[PDB]
Structure formats: structure tokens, C-alpha cells
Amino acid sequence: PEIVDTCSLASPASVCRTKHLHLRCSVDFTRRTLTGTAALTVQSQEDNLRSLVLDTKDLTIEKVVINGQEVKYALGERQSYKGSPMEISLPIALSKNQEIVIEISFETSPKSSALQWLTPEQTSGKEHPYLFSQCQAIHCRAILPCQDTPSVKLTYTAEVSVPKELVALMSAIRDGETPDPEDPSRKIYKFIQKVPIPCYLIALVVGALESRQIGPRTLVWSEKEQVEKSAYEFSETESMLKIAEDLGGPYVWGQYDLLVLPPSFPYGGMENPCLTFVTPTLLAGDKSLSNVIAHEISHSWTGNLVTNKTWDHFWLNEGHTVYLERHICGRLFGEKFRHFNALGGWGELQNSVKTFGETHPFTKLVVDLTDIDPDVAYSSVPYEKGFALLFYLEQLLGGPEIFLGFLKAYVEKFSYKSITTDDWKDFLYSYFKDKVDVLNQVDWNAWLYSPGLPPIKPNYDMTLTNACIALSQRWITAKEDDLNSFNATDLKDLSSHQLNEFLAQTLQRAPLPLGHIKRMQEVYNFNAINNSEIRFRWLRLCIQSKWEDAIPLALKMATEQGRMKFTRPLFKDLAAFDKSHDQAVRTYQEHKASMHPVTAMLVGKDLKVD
């Protein structure tokens, strides 16, 4: 009854398991390489184990040492996005449960899909270079040889040599700094991660970083020019951590720091333990995009403690995290607000299913990533279809207080483990044993394994959404002689969240007539809003409605930041608009080399370029 991770070429957990990584490396900005040694403490799960295989991707291996002597190893042929398997011949056959240390000397490639190297010009300060990693889902193998599967969890320690003027941070507790004895122009930063983690949660950033304390267990880190704005934007972090602890149980990770990255960071956030990474596009100036922080906080339980065993079961990570996320927002801002955000999430699920197609394999909750690059499959589906299932179960099983009881018991049960959907379902049934008749009424096969929208839509309070729908419908049904009736006062009683939902509702019916869009700018002045989510949707609405004036604005947003949620749809819209098509392609070509490697790959596919 053993499980296989079809995204990894390494030996499975049933054969051997990495227990610890000690990384010693040096960051060479001149060569854009990370060079050093990864010492893996590995425990045999088999009798008479004589070899094992590790994942690698575009790595250069110098040597492998065990027991102080070099051993034989072989790199297999590259298997596309999975990389190349590295088979290691053990000097002495191992008995079950025996542990040894394997020290591998390696160097990364400048084109490592895990890394983005930034020139000084690409940073805020314009004087120093900058490096950051992004290992999820399967890019850790592009930094170091490892069993690159979430089915294995390990602790780690690291020593990182960097230019003395720069700072290194990792997904771990800081353990001091000293000058580098082998090069006085450099400093060594040390780190300890004492809680076992999957290797996709290993993270490294190197740059001219400064910190400010914003809570009892939270520093914000960024380049100097962003520190003050970040400190204010994320000031509710400790209050959210407090609520999360109430819902999930104790926070076991020690510190909860935030790092605000350069604009090319590909996602809204990444839940790296001890150090959440976030996009600077959260800096709206009014804390309105703070749900992303609530999301990353929640991962400290769902995802980082209870982890998906393979990426086929990613919805376990994201569905429960979004569920907890929206409860944090519900406690902060009220239950009607939780329902508003939930209903918005259904709307995002609609968009994703319509984008992929209602029969597409990636619209299933549990997917099959055999021979599929995870970055290509990545979408809102596991997030929102996952949340929808949990929200549906909440309402079926007696309400939020009852289901939050399940959530906390679930985290407790599977803490420090990696699990499948069947593990989750088995415990759901165990926990709600007295309500199995209700559980047996859900169409499990449809919810878990069928494409398309779920077989049943949950009940949503409409209170906060109603004004958004009403105004969107006024615009959509408006004829030319109705345009005069619209006025800035229309927006008087709408929050930024409601303005965003108004645009989301309207974008779902785009295009609108060009004259309507021009009137919208005339009376609402949406061009003036810097809120990234609002501006994103407004610009999409403009381009899809064929307003040439918006072309430079859309091109600017698409390139001045690199969050894929924004950059990909903007480029795709610009490509589909005949007037901007050639310029969209030219702009991608010009920027490609300086984009994040994953983002460059996906925009290229989207644009059918190269």
C-alpha cells in the first residue's frame, strides 16, 4: 500500500529517508552560482541497501564523499522538467534503519529554475545585487541534490558565505554571523531549522536587507526604501498570528518574520517557515491586501505541519489554508465579510474552470501530475475548489464552530507528517462518526475526482456582495443614453474590497462597449488607483474592451512587477488585442532574459513564443 511520487526521480520514502541536511555554500554573484556541499543524513528503510537515487536539475557534481572517501555516482539522462536522476553507490550495504552521512559537492547553474539573480539595477537601492529562491513545487533539486518530494521531511542547518555588505536569510532561525576565514571580503551567516520540513520549504535570500520589529515575534525585512511602508502594511500580523494559534493550535516555529521581495517575486506569498516571503504588490498603503498574510500564516499549520504527500494532493495544503485564512478574516472583520470573500472565491473558481474548460484534467480537485510540469498545472483550482468542499462540509456538518473543531483535531493528528486525500477523508469520517449518514450524502467521486464546477454550490450570505452586483448590472445593461447617470457618488459606500468585486463581476461579462469603459474612467477615475488587485482588473477590463489608451498602462504593470497572477493575464490580454499584440510579444522578448525563470517560461507558452 505504498505511494509513489511521480514528480520525483529519487528513491522513495519506502527505500530511504533524508533526516537532515547540513548545507555549506557560497553565493557567487559574479558567476551566478551557488557552490558548496550538501551533507545529507540518510536512513535506510530497507535491508541490504547498496544504492540510492537523488533528484538534481542543472547541477554540476564535483564529488560524493562517504566515510571520508569518494564514492561512485552516475547522472542519468535529463527527463525534461524533472531534471536528471543521480544514482549513488554506497560503499557499505546498509541494514534497515541504519543512518549514514553523504556529502555531495555541487554547483548550481546560472539558469537554475529555483533562483532569480537580480542586477543592482533591478533592486531598490541600485548598488547591490540580489538573490532569492522559490523551491515549490519541485525546484529544490535545482539548488541541491535531494529527495525532492514532500513525502520526506528533514531538519537542516546551513552556513552561507556572501559578500560582507549583503545579508543572507533562510527559512530557519538565524544562528549568528562571522567573517569568512577563506575570503575576508565575505561573511558567513548560519541558520538552524529544528522542525522537520519538506524540502520545498527550504529558502534562501541574499541582498542589502534591513529589518524593523513589528511584533513580539515578527520582524519585517526588505531593502531600506520599503521598510517603513512594509512595517505599516503588515502591522496586523501579530493579531492574525494570535487568531491562527487559537484555531490551529500552538505556533511551533519560533519566529514569524516577513520578507518583502523585489517586484519580480512570482507569487503573492510563500510560506517559508520562520520567514514568509511576500510580493511588494501587497503594499497598497491601507492594509487592504492583508488576507495574503493571513494565508501564509495559516500555512504554519496546514501545509508546513500537515503536508501533502505528493503534489497530486496539493488541495490538502491549499483548501485548508484558504479555509483558515477566511476564518482569520472573519474574526477580524465579521462573518458577513468571511461570506463575501468565500463567494468571491467561488467566482475565481468559475473563472479558472472557464479558462481551462469544464472537462479539463486540472479542474479536478485531486489531480494526476504524471508527466505534467507542476508550474504549468498551477491554478486557483486547488485553492477554491478545495475551500468550496470544506465550506460545503461546514454547512452540512453543523456550522463553523463544529468544523473548526475538526480542523484543529486534524492538524493535531497529522502534525509533522505527509498525507493523502484518503488519509484526510478517513479522519473526517472518524471525527464525525456520529454524522456518517450526512457524510455519505456527499458525492465524493464528483467532488474529488471529476472536472468542472463542484456538484453543489454552498450557501453564501450576499449582504456585502449585493451592491457590487447591482452596480455591475447597471453598467452592463446601460445603453448610451444611460451613461450620463453614472457618477463618482456611485462608489461612496463601497470598500476597496467591494470596488474590486464590482470590477470582477464586470470583467466576467467583458468586453463592454468602449464608450462605457471611457465613461467609467471619466466618473470613477480608476486609472488613479494603485491597489494592485483593483488596477489589475481595471486594466484587464480596459484591454478586453479594446481601449488603446490602456495599452501602455497594461504593458507597464505587466513588466514593472512579476507576480504571475497579474503578469500572465495582462500579457495574454495584450496578446489577444490586435492593436497591442506585436508590442506585447516584443516586450516579452526584450524582458525575457531578466524575468524570473519560471515566469519567463510560462508567459512564453501563453504567448506561443519560442
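The numbering used is simple: start at 1 and walk along the sequence shown.
- Look at the mean CA B-factor for 68 to 76 and for 266 to 274 in the entry; the higher one is 68 to 76.
- The question of which stretch, 579 to 587 or 564 to 572, has the higher mean Cα B factor is settled in favour of 579 to 587.
- Set against one another, the Cα B-factors of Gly215, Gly125, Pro280, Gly319 in the record reach their highest point at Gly125.
- Looking at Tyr256, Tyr156, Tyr323, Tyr431, the one whose CA carries the top B-factor in the deposited record is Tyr431.
- The entry lists a Cα temperature factor for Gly344 that places it in the middle third of the chain's modelled residues.
- In the PDB entry, a CA B factor belonging to the lowest third of its chain's modelled residues is recorded for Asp481.
- Compared with the other modelled residues of the chain, the Cα B-factor recorded for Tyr460 ranks in the highest third.
- Residue-level temperature factors show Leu369 in the middle third of its chain, judged at the C-alpha atom.
- Residue-level temperature factors show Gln350 in the highest third of its chain, judged at the C-alpha atom.
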